[PDB]
Ligand code: CLA
Ligand code: CLA
Ligand code: CLA
Ligand code: CLA
Ligand code: CLA
Ligand code: CLA
Ligand SMILES: CC1=C(/C=C/C(C)=C/C=C/C(C)=C/C=C/C=C(C)/C=C/C=C(C)/C=C/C2=C(C)CCCC2(C)C)C(C)(C)CCC1
Ligand SMILES: CC1=C(C/C=C(\C)CCC[C@H](C)CCC[C@H](C)CCCC(C)C)C(=O)c2ccccc2C1=O
Ligand code: SF4
């Protein structure tokens, strides 16, 4: 039994079909991720990605930042996260400009200027909102005790 | 007609699909093991064989190895993304190391290397001394 | 007939001095004669590359066997000299009587040019250089007692050296074995694993049980060396032994019977360290070797030779194959039985790895009497064996690459483990690169973060045991396990294998020999840095082995060789792309890695272990425990370690430690000198030489062996050599001078 | 990309064309030398700049000179 | 690093990194427009000299100032 | 008050300005006129 | 076959410091600067290969290949001039009962294949075409 | 003998012998005339 085979049955491509690269688990997870899922509009793709990344970013800042022990530590953490989101958003904007150009036509192809702009917008809204949600959640932590 | 190989992570990448690609072909009289430039060992087939690579040098390197097996019928081509193909080597059917009547000289200067012009003389000209 | 037989050719090579007068005889190219200075250098660089001197494995093999005899002869002469110098130029006798006060010395300088200052007042009405190799302790453990005995072992050494040299000549010029003889791995392993190691251990146990143990007991008790009976007396009079160990009375009767328990008097599993000498109990050491001996002898009966029973390594290797590894270990046997370079790779790596282990195990569990309290010897040995190990490990990698470029054959390796490795090399290297970056950024970042924070007046934000803390929880756990082992997981033991894990403070002579070593945030930070350094070294070396034959950049690197300068200025630049160059770069990282390790040892010990303890419980460490809050920042290392602990070397002038000061300076000079070879190029030098030659010509004289500049590769080699010598030399003096004082 | 030029001092040893790793050089008929052959550089678009050719020339000073210049994917030997 | 280590080694390593980015899902979405390559021979020399020089001047600048001020000022 | 200027300008000069400048350079070098 | 397809590229040789388009062109006509991967059911690099359910590894799906039959044609087209020169010389040397260049070519290549024809001296050819 | 003499005539060997001799004589001079910073 061989669990490693040439990818796509092409013995000369620079890739291999390993259990990690091509397993039902990996295929399933990647197919349903917002980035590659089928049917999602550019805006929704960005939104989901943003919602996911914003929620986990408030943590590092809130618990290890300069004002962690201050009563306003969580608030400061939120502000810091928003700042990071802005930096990342600038990057997305700039990338789109260089990679796609100035006027597009295909449409509904994440890889076009219009679609990219919509994607970026979604990310910003989702990320900032997600960070806010974490702020509300971390304001009062449940002990789940009966 | 692909030789028997199990795959590698040293094969071609996107450039081969969007910029340009190469291919070598040869005929063998026996099935033998050769080492491929990408990395690893493969077994050639008894007859026609075709292999794809990303660089001309990689193809010509394999040709050197083939000559050791006494194979001198190799041909190298460049396939563009649209499907256009260019025959590259042996270009005129005769290996370059053998003078073939019908080939014209190119990039030849009729004087010793020391007779090239002085850099200052060609200043503000755009040409170089070796092209002057 | 027999699978294993002896085949030897008589009178293979005539002994004469003709070739001696024909430098370069070994090479076809060099033999023609010298025309430029390059010939001279090449002569020395291709001297021992037998593979390039001949095309027959038999011939190459024959040379290697004989050459090895030569090394053995040299080693024997070395040991002989040491014993002689310890018999005629040492204070062993005095030290033996008062080991705590007298300082070990076995080298004396002639009274020429004020160099006599180097002869220190070590003690015992003797003046000489304080040695740090640990000979005195070893001799005491063996039970030497006299200096006459040292003289005789010296004579034996000289004799042995001669025998080895004769053997080399004999087995190359008169009786040279054929290739078939060499290719008998199963037999060799059976003999070496049962005879060399098994019988060796058993023989040593005999000496320890009959000669060393008894004498050392008397010495520890207080008996004057002169009053202790001579070694032969113990061997003959069983009654004398019975007095010390009351079981010899029973004789060997208990042994032949199954009652091995009666020998518990001398064979014990006490553990811990002898309170009087501060070294492992010899009784335990005797049982150690006896047990190991049995194991080795049994293991030597695993491979088939000429009697049917046994294992054939080829079969074992080929059977072990799995779903993810193709043909598995098929093809490896042939490689290791037809390629010396491959064998050297594995053997050299393992040898170096062992040296590093010896360094760690020999300080935590001091093996010799009166060694732990001698801080100088302890530091010297740890650093020495740490270095030897690093070089050997890198060497293994080098020879591994030479194999890929010179002996690897695609035909014999189809879908085997080696082939599959070379088929996913990109993945392996890519991932390792990331691992190195991750570790490096996080590990060193901790230090930079702390430095910035302390400088900005924000000490509460540092990664320290007093702020954000990064405790080594896993290691702390293992320590507890080992501490509680005696009596539980190790029921028959009586104490911890090492007091480092935990226990009490063992003190000898008012000085601390061993103490529990604790692990905190600083230790976490340093350990992870060690990981980073080692990982990067592996990256460079492994990349060299995997991409030795080919690469996307240079598809035909194999034809170029293992040691080529480059392929050209094209492809954007192909400088230093050979496997040799990867080894070149790897050595620099090995230097860094080992340097940090030895520094960790020096500061940790002088801060949390070594020191003095009062009659009551008051422990004063040499540096005062500064490691915890000072080793967490780079400024701390520069100030509390290098700057402070270097006060000894810099202030050594006018003392017996003056030599170290001079060497410290000299080493710095050599290190800097090397940077001119590592930063410059052959072109500038060649042109300069041209102008210089003009002068000589203008005066009607010039060498026929035209002066030429060193090759690109040699330039790099010369640079690395001087760099390593200078760096290691500097630390050598720094450590030794500091240690002499602290001791 | 790079520029390779051949000079009249060539002797038609063919060593250069046998060393090129990318078939940039060829041997063409000529009458200036006893061998009756000279080297040419018809396909300089594939020169990587190795200078192996120069290393092989036997003439006092290289009859084949490679002058490095503009860089392209081919000249930079990029398989990616 | 720039002075003692030369291009060949680095170029090969960069090649492996390119492979990874092109084969890692999610990151594949983003791609470069300028092929990643190693620094040139002369460039590395310049970069190295600059690093050597800047460090040289900075370190002495601190010493000459802190030592003099810390003792006499 | 001018005294407040250090706390209003430094944030801009060391953070906002460098960012926009780098962005512009990238857009300039990634464009094919 | 467009023998100039490669030459017809966007590359513009510089004044000094450039070898030029050489013999087969200096750069591919197509631009390598294409986009990255796309969501399932979408395409990015123009005539790219659909990744199916694994769009992440779409670039590993080959779409550019060489047809052996087509390979023969490219060999003939790019070596047409050489063949012409060869046959012309054969014709110049008073061929025995010569007919037409093309006819001679067919006869001479009917035997000795085509590759062998390209690698044979006029003398050998005349010997071969003695009949 | 002749061949051995040639080996002893090799550059490396001769240098070592010569330098040993030179070093020795310098050392011996300092042994009998020590501590000199000038011709007295
Ligand atoms: C102090 C000198 C120095 C430093 C810092 C480095 C640094 C490095 N060398 Mg190197 N090297 C040096 C001297 C040095 N070298 C010398 C003298 C030689 C000659 C032998 C070499 C030869 C050499 C080779 C042959 C190799 C390296 C490799 C590496 C890299 C290891 C990966 C890593 O840890 O990344 C982390 C790098 C750091 C500098 C860590 C500190 C940076 C901070 C603390 C982390 C956070 C910063 C963040 C990323 C950005 C901050 C933003 C802001 C500052 C602008 C790293 C870039 C290896 C490599 O590239 O493989 C990965 C490798 O193969 N080196
Ligand atoms: C590289 C090592 C390192 C680390 C770990 C830290 C850590 C820290 N620094 Mg420090 N620092 C460092 C180097 C480092 N420093 C260096 C080299 C400098 C000099 C320039 C400084 C200068 C500095 C200053 C000036 C300050 C800090 C501060 C801080 C704290 C705030 C953390 C923060 O906001 O991060 C935010 C982190 C993130 C947004 C992301 C974290 C990375 C994520 C967790 C990785 C996740 C990977 C994931 C597991 C992958 C798998 C995913 C899969 C399972 C799906 C924190 C304790 C601040 C402080 O208060 O000090 C205590 C502060 O004011 N640092
Ligand atoms: C590892 C081996 C080793 C080392 C490093 C030393 C080192 C030392 N020994 Mg020692 N020794 C050794 C083994 C060793 N010994 C052995 C095995 C013995 C037993 C025979 C001795 C017996 C011994 C005595 C009896 C004495 C020393 C002394 C010394 C010290 C002065 C050395 C000396 O003579 O300088 C000066 C060097 C010379 C006089 C030799 C002259 C230099 C020669 C001519 C150069 C070589 C010529 C060259 C090879 C030509 C090549 C020809 C070709 C055929 C190869 C020095 C520290 C002396 C000492 O410490 O006194 C206080 C001293 O008296 N040793
Ligand atoms: C039991 C038999 C036996 C023993 C003891 C050895 C021992 C050794 N072999 Mg070995 N060998 C054997 C059988 C044996 N071999 C067989 C059967 C083969 C053929 C398959 C080989 C083929 C072989 C090769 C090809 C090589 C060795 C090498 C070595 C040496 C390794 C270096 C080392 O550990 O230094 C330890 C050094 C010592 C312990 C010094 C003493 C060495 C002498 C010779 C011990 C002899 C016994 C001694 C006289 C004690 C007698 C007991 C008496 C007092 C009661 C070592 C001396 C290597 C080497 O360097 O050889 C020169 C090497 O390259 N062996
Ligand atoms: C068991 C140990 C061992 C053995 C048997 C070999 C054997 C061999 N190695 Mg190897 N090697 C080893 C360990 C070993 N190596 C280690 C540990 C390393 C890592 C540093 C290397 C690195 C290495 C490289 C990089 C190369 C070899 C090569 C070779 C081959 C030819 C050696 C040669 O040129 O001779 C001639 C030997 C010399 C010129 C050495 C002379 C000593 C020099 C001058 C340094 C001296 C330093 C000195 C101690 C400092 C004194 C200071 C004082 C003056 C103040 C040979 C098969 C070469 C080869 O081509 O293989 C096929 C090659 O390229 N090896
Ligand atoms: C002149 C430039 C400059 C300035 C003004 C600052 C200012 C600051 N840095 Mg800093 N930094 C700088 C350069 C600078 N940095 C550089 C060059 C590095 C690299 C070595 C760092 C690395 C660094 C680290 C690693 C950390 C800081 C942190 C901080 C904050 C600590 C004070 C505080 O209350 O934190 C508490 C934080 C707040 C009260 C939140 C303030 C609101 C934020 C800043 C809004 C940001 C939005 C902004 C407009 C988005 C930019 C858009 C883009 C187009 C430019 C403070 C805002 C720490 C921090 O907490 O970061 C936020 C921290 O962990 N810095
Ligand atoms: C390890 C692992 C794993 C993973 C894990 C993870 C990675 C997780 C993550 C997670 C996450 C990361 C999550 C996130 C979340 C988020 C959220 C939940 C958000 C929300 C938001 C909201 C809800 C909203 C908001 C808003 C908006 C939108 C705007 C407006 C305003 C508001 C506020 C409204 C598992 C277990 C699988 C398995 C095993 C392996
Ligand atoms: C590390 C190293 C590299 C690799 C170093 C690299 C690739 C530097 C990469 C990081 C620098 C800081 C460039 C990163 C720039 C950012 C990506 C932002 C660029 C934005 C543009 C608009 C400028 C070499 O190429 C090299 C070549 C020859 C000899 C030695 C070496 C060498 O030692
Ligand atoms: S430099 Fe290299 S590629 Fe260019 S002609 Fe010379 S050998 Fe060929």
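Just so you know, the numbers here start at 1 and follow the chain as drawn.
Any Cβ shown, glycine's included, is placed from N, Cα and C.
Here is what Swiss-Prot records for this protein:
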type	residues	note
DOMAIN	D:1-30	domain '4Fe-4S ferredoxin-type 1'
BINDING	D:10, D:13, D:16, D:57	[4Fe-4S] cluster 1 binding site
BINDING	D:20, D:47, D:50, D:53	[4Fe-4S] cluster 2 binding site
DOMAIN	D:36-67	domain '4Fe-4S ferredoxin-type 2'
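Positions of the features from Swiss-Prot, shown on the structure.
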{"residue": "D:10", "record": "[4Fe-4S] cluster 1 binding site", "contacts (Cβ under 8 Å, 6+ apart)": "D:30, D:32, D:33, D:38, D:39, D:59, D:63, D:64"}
{"residue": "D:13", "record": "[4Fe-4S] cluster 1 binding site", "contacts (Cβ under 8 Å, 6+ apart)": "D:35, D:57, D:58"}
{"residue": "D:16", "record": "[4Fe-4S] cluster 1 binding site", "contacts (Cβ under 8 Å, 6+ apart)": "D:25, D:39, D:53, D:54, D:56, D:57, D:64"}
{"residue": "D:20", "record": "[4Fe-4S] cluster 2 binding site", "contacts (Cβ under 8 Å, 6+ apart)": "D:50, D:52, D:53"}
{"residue": "D:47", "record": "[4Fe-4S] cluster 2 binding site", "contacts (Cβ under 8 Å, 6+ apart)": "D:1, D:2, D:4, D:22, D:24, D:41, D:66, D:75"}
Between the binding-site residues D:53, D:57, whose Cβ has more other Cβ atoms within 10 Å than any of the rest? D:53
Sorted by sequence, non-D:10, D:13, D:16, D:57 residues with Cβ within 8 Å of centre, [4Fe-4S] cluster 1: D:11, D:12, D:14, D:15, D:39, D:53, D:56, D:58, D:59, D:63, D:64
Per DSSP, how many helix, strand and coil residues does the domain '4Fe-4S ferredoxin-type 1' (D:1-30) have? 0 helix, 9 strand, 21 coil
Around the Cβ of residue D:50 ([4Fe-4S] cluster 2 binding site), other Cβ atoms found within 10 Å total 25
In the domain '4Fe-4S ferredoxin-type 2' (D:36-67), how many residues does DSSP call helix, how many strand, and how many coil? 8 helix, 8 strand, 16 coil
Chain G neighbours, restricted to the binding-site residues D:10, D:16, D:20, D:47, D:50, D:57, by C-beta under 8 angstroms: D:47
Should we count any of the binding-site residues D:10, D:13, D:16, D:20, D:47, D:50 as near ligand 9, judged by a CB under 6 A from one of its atoms, and which? D:20, D:47, D:50
With CB distance below 8 Å as the criterion, list the binding-site residues among D:10, D:16, D:20, D:50, D:57 that sit near chain C. D:50
